[PDB]
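Shown here is one chain on its own, the form deposited in one PDB entry, set out as structure tokens.
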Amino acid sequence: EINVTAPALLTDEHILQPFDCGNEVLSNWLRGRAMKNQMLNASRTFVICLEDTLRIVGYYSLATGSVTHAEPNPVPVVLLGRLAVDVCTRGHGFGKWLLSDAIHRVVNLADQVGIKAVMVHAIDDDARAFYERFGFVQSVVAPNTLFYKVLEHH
């Protein structure tokens, strides 16, 4: 078995090299465009590690967003930009574990500020199937953009 720690914001002492998820794009973002977007303060990246280590084994990202028309009024949302898991954890099913943490996170978020839904763009249909198996619904924004509506806590 693999035992993992609770999802936590990416630091600079986190071990990012051994992470191998299957899509080089999503392993490259973690190596390159993760720390950078965070000091810039756009997206926030949450990572999980192997127990008693700092070797990252999975991660997700979170930025705010908006929907408006071309001339309430902007609809306040939250983009789940990346969700990936290392190839050495398979049937452990740590993806659903990360999407739980993310959704719960955004729901707490929405108890601080108005947030009407989470959005995500499905890469392949397997993304879409994962994301539709867990509440996401096809939207009108884009054909691969699915939304998960947010309801107030309590």
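In this text, rigid core is short for the largest set of C-alphas that superpose within 1.5 Å between two forms. Shifts are known only where both forms have a C-alpha. Numbers for residues come from their place in the sequence shown, where the first is 1.
- Counting the unmodelled positions of the deposited sequence between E71 and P72 gives a gap of 4 to 9 residues.
- 34 to 42 and 114 to 122 differ in mean CA B-factor, and the higher of the two is recorded for 34 to 42.
- For the pair 127 to 135 and 9 to 17, the record assigns the higher mean C-alpha temperature factor to 9 to 17.
- Remark: of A63, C49, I103, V67, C49 shows the highest value [criterion: C-alpha B-factor in the PDB entry].
- Across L98, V107, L26, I56, the greatest Cα temperature factor reported in the deposited entry is at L26.
- Ranked within its chain, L151 lands in the middle third, by CA B factor from the PDB record.
The same protein has a further form, the form deposited with a small molecule bound, not shown here; the description that follows concerns it.
- Just one listed stretch, out of 29 to 37, 44 to 52, 119 to 127, 105 to 113, contacts the small molecule in the deposited complex at the 4.5 Å heavy atom level, and that stretch is 119 to 127.
- Contact check for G81: a non-hydrogen atom falls within 4.5 Å of the small molecule in the deposited complex.
- The closest heavy atom approach of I56 to the small molecule in the deposited complex falls outside 4.5 Å.
- Though the partner is left out of this view, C21 does reach within 4.5 Å of the small molecule in the deposited complex, counting heavy atoms only.
- For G95, a non-hydrogen atom is located within 4.5 Å of the small molecule in the deposited complex, even though that partner is not displayed.
- Core aligned; the single run of 3 or more residues with all CA shifts at 2 Å or more between the shown form and the other one is 152 to 154.
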